[PDB]
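Q: Quick one: this structure, given as structure tokens, is what I'll be asking you about.
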Amino acid sequence: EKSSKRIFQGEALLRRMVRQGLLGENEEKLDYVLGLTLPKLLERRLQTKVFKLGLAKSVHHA
Amino acid sequence: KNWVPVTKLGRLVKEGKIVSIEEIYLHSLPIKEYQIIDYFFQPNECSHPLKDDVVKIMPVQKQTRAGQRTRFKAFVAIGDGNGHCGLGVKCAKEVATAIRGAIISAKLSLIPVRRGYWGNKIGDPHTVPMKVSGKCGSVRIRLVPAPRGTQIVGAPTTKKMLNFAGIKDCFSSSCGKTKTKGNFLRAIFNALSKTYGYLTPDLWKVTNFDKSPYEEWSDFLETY
Amino acid sequence: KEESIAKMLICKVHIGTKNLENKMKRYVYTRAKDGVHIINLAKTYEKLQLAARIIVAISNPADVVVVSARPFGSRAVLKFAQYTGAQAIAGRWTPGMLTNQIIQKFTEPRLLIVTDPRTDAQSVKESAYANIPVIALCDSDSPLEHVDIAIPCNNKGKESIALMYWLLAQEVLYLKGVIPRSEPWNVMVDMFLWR
Amino acid sequence: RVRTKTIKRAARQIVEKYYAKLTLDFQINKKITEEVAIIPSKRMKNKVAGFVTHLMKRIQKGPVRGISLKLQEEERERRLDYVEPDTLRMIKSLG
Amino acid sequence: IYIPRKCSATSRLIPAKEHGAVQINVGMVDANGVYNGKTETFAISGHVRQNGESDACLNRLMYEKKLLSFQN
Amino acid sequence: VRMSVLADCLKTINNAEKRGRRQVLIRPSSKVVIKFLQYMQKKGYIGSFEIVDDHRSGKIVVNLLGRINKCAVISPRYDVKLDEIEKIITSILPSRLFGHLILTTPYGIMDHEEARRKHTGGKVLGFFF
RNA sequence: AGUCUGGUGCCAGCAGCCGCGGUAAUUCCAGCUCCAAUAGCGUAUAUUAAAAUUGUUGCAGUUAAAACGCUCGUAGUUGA
RNA sequence: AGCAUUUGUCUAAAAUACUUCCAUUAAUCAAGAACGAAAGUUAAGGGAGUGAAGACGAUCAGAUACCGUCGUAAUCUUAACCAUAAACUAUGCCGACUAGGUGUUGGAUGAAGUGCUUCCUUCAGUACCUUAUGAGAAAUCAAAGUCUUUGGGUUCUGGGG
């Protein structure tokens, strides 16, 4: 804690997780990054978003 | 179903005078009655019913002047997935019978694990609370604590047993010849067993302990 | 007052024999030149009272099991069992009595009372795997493994065993509501042995 | 020759509930045993009668293991109902 | 989750499946030497019993609690 | 020769605690061993200890609290730089919330957290659990 | 992931290893279905992990491999 | 390694004891050195028994072997050498800490049999027996323990057949 490189790189990493939306509103520390899961990353794929929005009827159609 | 506990302590659990397995564990009481486990880990009302799995079946043989005399040893792994593991072992001269015997043994074996945090309070005990090592024959197996999102690994058997214990994150290690599976299973169970036996700073606090079930229900035990 | 102590003295309780037992040397008074070990007995009377306190703290006497593998102490335990309703075991002990749930002869007790750890050793050993405390009338050559209360006594003589059970019985009766402590107890006293 | 466990077990049951019917004579014992126990063979009945008679002979001469008679139990319960210098020295040593 | 028993004699932890450790209930006296209602409880490990040291330990424990006078 | 005084003392203490006697009389005595017991007492493992005078070297009687899981020594007292400390504790300790790794650093003998707070390496001395 | 369908018959042959084949082959030769990875997948050789099987961390030496025949002793290493 | 007749001589040795002296001299040790059973070599004695070799009689299917009878070299001493053995507590050596009892050899301390003798306590040796929620693959091991809860010090050795 309070180590200069670590707090800078940590704030930068979490900020990037916020930019990606990989971490959202309710998650905001390095232990939630450990909490991150492979489905959460997969959900970021454009085909998932297209299917979710309902522009197409399925993941394959998307 | 239909029930009848021969032991008095069993009858108390059957009635529900003893509410949970934690109290009998606290007073360290030996169990020869599977019905006690059956009552506590019932399919509904229990939050986490036990899941069983026959982990290793091996033929072993006496051999005579005449015939083989081939017996079947059976290892089964049982767990709630949240705190209570069991490794059960039975050798019998018929497979289905061996499988049943091992499951009963597993219930008798059923032990509570302790878990901890890797560091800061997350409100979920998730990994082993310290490094613990268990030995059987050649093989000595060590579970070592891991941070969150850092899932359990090992042999299939180790992976299953840790999953049965409800250990989410662990580092595993092993020393010796890993091949001997029953010894490997037993050594994992020995290591796993030590988790809720290890003295720790949190237990420095001098604290009262309750009077026995054998005195709390003494009249009820005299009664029936 | 003194009289209970004096009777204990008059009975041959104080005679320890060959080998002190390292652990028991705090209850030995002195090694006699004759090759016998003297026992303190003052501590024994108070300790016997503690044993009575633990026994009274068991709320039902039937969950207190007595044991003797000594012929003459078999009669003594049976007398003890008659006065206060502890179940006695005499003759051949069976290991499954505490360990084998489905056995016909089974006991699920809360306490064990032992007449001699050297004779009654099997029961004591099994009792520790069955988590029962074990109080024990113990002698110089007798082992002290797996007993919680040790009461020093010459276990060889009939009179000594009888005296201990008689004194014990009176103390439990006194702790119980049966008879006031000031009053002497006299219900068929000194009738505790046979051939 | 000897007598098997079934014969001995039957003989042990006898005396225990039935000593007040038993006698020294084998032919009368053969009648008593037939009267008391519904034994399926003559050979078996004769052997049980014989060993019960043998136990009868053993009885009165002494107590016999593995059986109980309530009159003997009653009889047993009924039947049962400072110091000098050499004694002194240990007590004096204590003080 | 719960806290396992700790030995009175050795101040150390007793496992769930230890199956040898015992709880010794000691009855308090009345002034006339009669059994009081209340009872003092102590936890004795199977290990101390296995060593054979339980009587000695009990004596020190009773001495601390003022239930025996001679200590040893 | 006498070999490492600290090590045999700590092994004796370890044996005493393993046995459950809970007091022991240490036959050697030295300034560093006394400080090490004081450090253990600082971290709540030891109660009171009495160092009794003898001209050749004192003796120590330590009260043990039923509380030591292990006490041991790193032999000899190997040198170690600040960032290497993190690997050392990771290797040794049974838990990240308990067990203590002790160094000697220019300001005396102290644990790994203290040394880190300082910012100084040292020689690594011993440890207890 | 198949006691799938035919052929060969200790032969032909295959198969890191165990093995399969002496007539009803779940391993050979075809055919069929199924399975793994995928525009890549086989094969050899070298190399790291595997190996706390070279061991500072971190090995072993009663009986499995391994205490110099024994003692002294300079360098060496260790130093109330 | 090995050492048993008697006495003498020349010698070394350890423990006990010490309000004796010194003041860290130490520990284990590549290199090097000393000693090192039985056999073998070489020379002088000596050379009885025993007896590698060798010779016969058997035994037996054959038997050049076991077995019988004989029997050189050797065994023995001195003088040189030789430098290996299952030269095995198959356990390197020193260090501390752990658990009891039965013994036992050498001393010192106390008490009572009749100065001596015994017994008690205690040291340095030394075995055994039981116990190891100690260890180990178990046998077993009070060391092979106190070693994944792994670092008391150090020498040597091994890496499937």
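Bear in mind that the values in this text are calculations on the coordinates, not laboratory data. All Cβ positions, even for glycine, are placed from backbone atoms using ideal geometry, and neighbour counts span all protein chains on display.
Q: Answer yes or no as to whether F:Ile85 is more than 12 Å from RNA strand G (Cβ to nearest atom) and farther than 12 Å from F:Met40 by Cβ.
A: On the way: more than 12 Å from RNA strand G (Cβ to nearest atom): yes; farther than 12 Å from F:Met40 by Cβ: yes.
Spelling it out, F:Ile85 is indeed more than 12 Å from RNA strand G (Cβ to nearest atom) and farther than 12 Å from F:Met40 by Cβ.
Q: Look through segment B:62-80, keep the residues that are in contact with a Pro (Cβ under 9 Å, 6 or more places away or on another chain) and of a type outside the set (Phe, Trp, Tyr), and return whichever of them is farthest from B:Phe184 (Cα to Cα).
A: Filtering segment B:62-80 for residues that are in contact with a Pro (Cβ under 9 Å, 6 or more places away or on another chain) and of a type outside the set (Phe, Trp, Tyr), the one farthest from B:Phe184 (Cα to Cα) comes out as B:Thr70.
Q: Six or more apart or on different chains, Cβ atoms under 8 Å: show the pairs whose first residue is in segment F:1-24 and among the polar types (S, T, N, Q) and whose second is within 16 Å of RNA strand G (Cβ to nearest atom) and not in a helix (DSSP H, G or I).
A: These pairs meet every condition: F:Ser4/F:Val73; F:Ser4/F:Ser75; F:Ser4/F:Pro76; F:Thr12/F:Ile26; F:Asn14/F:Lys70; F:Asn14/F:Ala72.
Q: Looking at B:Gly81, is it more than 16 Å from RNA strand H (Cβ to nearest atom) and more than 23 Å from B:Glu22 (Cβ to Cβ)?
A: Numbers: more than 16 Å from RNA strand H (Cβ to nearest atom): yes; more than 23 Å from B:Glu22 (Cβ to Cβ): no.
No: the conditions fail for B:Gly81.
Q: Can you tell me which residues in segment E:16-47 are surrounded by 21 or more Cβ atoms within 10 Å (Cβ to Cβ), part of a loop (DSSP other than H, G, I, E, B) and out of contact with any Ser or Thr (no Cβ under 7 Å at 6 or more places or on another chain)?
A: Within segment E:16-47, just E:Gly20 meets the criteria.
Q: Scan segment C:140-166 residue by residue and report those that are more than 13 Å from C:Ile113 (Cβ to Cβ), surrounded by 21 or more Cβ atoms within 10 Å (Cβ to Cβ) and more than 9 Å from chain E (Cβ to nearest Cβ).
A: Residues satisfying the conditions are C:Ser140, C:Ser142, C:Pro152, C:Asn154, C:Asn155, C:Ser160, C:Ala162, C:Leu163, C:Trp166.
Q: Another question, if that's okay. Could you list, in sequence order, all residues of segment F:1-19 that are of a type in the set (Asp, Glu) and more than 15 Å from RNA strand G (Cβ to nearest atom)?
A: Of all residues in segment F:1-19, those of a type in the set (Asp, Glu) come to F:8, F:17.
The one that is of a type in the set (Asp, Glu) and more than 15 Å from RNA strand G (Cβ to nearest atom): F:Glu17.
Q: I've got another one for you. State the number of residues belonging to segment E:53-72 that are closer than 17 Å to C:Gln49 by Cα and more than 9 Å from chain C (Cβ to nearest Cβ). Spell out how you get there, then give the answer.
A: Applying the first criterion (closer than 17 Å to C:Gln49 by Cα) to segment E:53-72 yields E:55-56, E:58-63, E:65-72.
Now drop any that are not more than 9 Å from chain C (Cβ to nearest Cβ), which leaves E:60-61, E:63, E:65-66, E:71.
Adding up the residues that qualify gives 6.
Q: Sticking with this structure for a sec: Could you list, in sequence order, the residues of segment F:74-104 that are away from every other protein chain (no Cβ under 14 Å), part of a loop (DSSP other than H, G, I, E, B) and of a type outside the set (A, V, I, L, M, F, W, C)?
A: F:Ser75, F:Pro76, F:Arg77, F:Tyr78, F:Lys81
Q: Among the residues of segment E:59-72, is any among the small types (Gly, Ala, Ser), part of a loop (DSSP other than H, G, I, E, B) and over 15 Å from C:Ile135 (Cα atoms)?
A: yes
Q: Okay, next question. Cβ-Cβ under 9 Å, sequence separation 6+ or interchain: first residue in segment D:63-74 and assigned to a helix (DSSP H, G or I), partner of a type in the set (A, V, I, L, M) and loosely packed, with under 11 Cβ neighbours inside 10 Å. Which pairs?
A: Filtered contacts from segment D:63-74: D:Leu71/D:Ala20.
Q: Let me ask you something else. Give all pairs with beta carbons closer than 6 Å in which a residue from segment B:173-202 that is on the phi > 0 side of the Ramachandran plot meets a residue that is within 16 Å of RNA strand G (Cβ to nearest atom); count only pairs at least 6 apart in sequence or on separate chains.
A: B:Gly176/B:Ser138; B:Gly176/B:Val139; B:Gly176/B:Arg140
Q: Kindly establish whether C:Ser182 is surrounded by 16 or more Cβ atoms within 10 Å (Cβ to Cβ) and polar (S, T, N, Q).
A: Details: surrounded by 16 or more Cβ atoms within 10 Å (Cβ to Cβ): no; polar (S, T, N, Q): yes.
The answer is no for C:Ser182.
Q: Within segment E:35-72, track down each residue that is more than 23 Å from B:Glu216 (Cβ to Cβ), aromatic (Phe, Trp, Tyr) and in contact with a helix residue (DSSP H, G or I) (Cβ under 9 Å, 6 or more places away or on another chain).
A: Listed by number, the list holds a single entry, E:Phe70.
Q: Now for a different question. For F:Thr120, which of the numbered conditions (1) within 14 Å of another protein chain (Cβ to nearest Cβ); (2) away from RNA strand H (no atom under 16 Å from the Cβ) fails to hold?
A: With (1) within 14 Å of another protein chain (Cβ to nearest Cβ); (2) away from RNA strand H (no atom under 16 Å from the Cβ) applied to F:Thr120, the lone miss is (1).
Q: It is to be established whether one or more residues within segment F:114-127 are away from RNA strand G (no atom under 16 Å from the Cβ), exposed (fewer than 13 other Cβ atoms within 10 Å of the Cβ), basic (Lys, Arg) and in a helix (DSSP H, G or I).
A: Looking through segment F:114-127, at least one residue is away from RNA strand G (no atom under 16 Å from the Cβ), exposed (fewer than 13 other Cβ atoms within 10 Å of the Cβ), basic (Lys, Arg) and in a helix (DSSP H, G or I).
Q: Would you check if F:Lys31 is under 12 Å from the mean Cα position of the chain (by Cα), exposed (fewer than 15 other Cβ atoms within 10 Å of the Cβ) and within 16 Å of RNA strand G (Cβ to nearest atom)?
A: Details: under 12 Å from the mean Cα position of the chain (by Cα): no; exposed (fewer than 15 other Cβ atoms within 10 Å of the Cβ): yes; within 16 Å of RNA strand G (Cβ to nearest atom): yes.
Against the criterion (under 12 Å from the mean Cα position of the chain (by Cα), exposed (fewer than 15 other Cβ atoms within 10 Å of the Cβ) and within 16 Å of RNA strand G (Cβ to nearest atom)), F:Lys31 does not qualify.
Q: I've got another one for you. Specify the residue that is surrounded by the fewest Cβ atoms within 10 Å (Cβ to Cβ); the eligible residues are those in segment B:125-144 that are aliphatic (A, V, I, L, M) and closer than 15 Å to B:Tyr196 by Cα.
A: Only one residue fits best here, namely B:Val144.
Q: For segment F:1-46, name all the residues that are within 14 Å of chain E (Cβ to nearest Cβ), away from RNA strand H (no atom under 11 Å from the Cβ) and within 15 Å of F:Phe128 (Cβ to Cβ).
A: The answer is F:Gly44, F:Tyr45, F:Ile46.
Q: Being hydrophobic (A, V, I, L, M, F, W, C), more than 12 Å from the chain's Cα centre (by Cα) and not in a helix (DSSP H, G or I): is that true of D:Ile32 here? Show your work before the answer.
A: Details: hydrophobic (A, V, I, L, M, F, W, C): yes; more than 12 Å from the chain's Cα centre (by Cα): yes; not in a helix (DSSP H, G or I): no.
Here the answer is no, as D:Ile32 does not meet what is asked.
Q: Only one of these conditions is not met by E:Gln50: (1) surrounded by fewer than 20 Cβ atoms within 10 Å (Cβ to Cβ); (2) within 14 Å of chain F (Cβ to nearest Cβ); (3) over 28 Å from C:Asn40 (Cα atoms). Which number is it?
A: Condition not satisfied by E:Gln50: (3).
Q: Could you list all residues from segment F:47-73 that are away from chain E (no Cβ under 14 Å), within 14 Å of RNA strand H (Cβ to nearest atom) and not in a loop (DSSP other than H, G, I, E, B)?
A: F:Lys59, F:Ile60, F:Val61, F:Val62, F:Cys71, F:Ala72, F:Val73
Q: Now for a separate question. Might you check whether a residue that is under 30 Å from B:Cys85 (Cα atoms) and more than 7 Å from every other protein chain (Cβ to nearest Cβ) occurs anywhere in segment E:25-38?
A: Keep residues of segment E:25-38 that are under 30 Å from B:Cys85 (Cα atoms), which gives none.
No, segment E:25-38 has no match at all.
Q: For segment B:95-214, list the helices (runs of 4 or more DSSP H) that sit wholly inside it and hold at least 3 residues that are touching a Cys at 6+ places or on another chain (Cβ under 9 Å) and within 16 Å of RNA strand G (Cβ to nearest atom); which are they? Before you say what the answer is, go through the steps one by one.
A: Numbers: elements: B:95-109, B:156-165, B:181-193.
Ranges flagged: B:181-193.
Q: OK, next. Quick check on segment F:91-100. Is at least one of its residues aliphatic (A, V, I, L, M), closer than 24 Å to B:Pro129 by Cβ and over 17 Å from the mean Cα position of the chain (by Cα)? Before the answer, list the steps.
A: Of segment F:91-100, the ones aliphatic (A, V, I, L, M) are F:92-93, F:97.
Now drop any that are not closer than 24 Å to B:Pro129 by Cβ, which leaves F:92-93, F:97.
Next, from what is left, pick out any that are over 17 Å from the mean Cα position of the chain (by Cα): F:97.
Within segment F:91-100, one or more residues are aliphatic (A, V, I, L, M), closer than 24 Å to B:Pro129 by Cβ and over 17 Å from the mean Cα position of the chain (by Cα).
Q: Return the pair list, or none, for Cβ contacts closer than 6 Å from residues in segment F:72-99 that are over 14 Å from B:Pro145 (Cα atoms) to residues that are within 10 Å of RNA strand G (Cβ to nearest atom) and part of a loop (DSSP other than H, G, I, E, B), at least 6 apart or on different chains.
A: F:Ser75/F:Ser4
Q: I've got another one for you. Given the criteria within 14 Å of chain F (Cβ to nearest Cβ) and either under 10 Å from the mean Cα position of the chain (by Cα) or closer than 21 Å to B:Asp202 by Cα (or both), does E:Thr41 qualify? Steps first, answer last, please.
A: Details: within 14 Å of chain F (Cβ to nearest Cβ): no; either under 10 Å from the mean Cα position of the chain (by Cα) or closer than 21 Å to B:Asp202 by Cα (or both): yes.
Considered against the rule, which asks whether it is within 14 Å of chain F (Cβ to nearest Cβ) and either under 10 Å from the mean Cα position of the chain (by Cα) or closer than 21 Å to B:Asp202 by Cα (or both), E:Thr41 comes out as no.
Q: Among (1) within 13 Å of another protein chain (Cβ to nearest Cβ); (2) farther than 24 Å from E:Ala43 by Cα, which single condition is C:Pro133 missing?
A: Only one criterion is unmet by C:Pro133, namely (2).
Q: Next up: Determine which member of the set C:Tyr29, C:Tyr45 is within 12 Å of another protein chain (Cβ to nearest Cβ), touching a strand residue (DSSP E or B) at 6+ places or on another chain (Cβ under 7 Å) and aromatic (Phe, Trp, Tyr).
A: Details: C:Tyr45 fails: touching a strand residue (DSSP E or B) at 6+ places or on another chain (Cβ under 7 Å).
None of the others qualify; the one that does is C:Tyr29.
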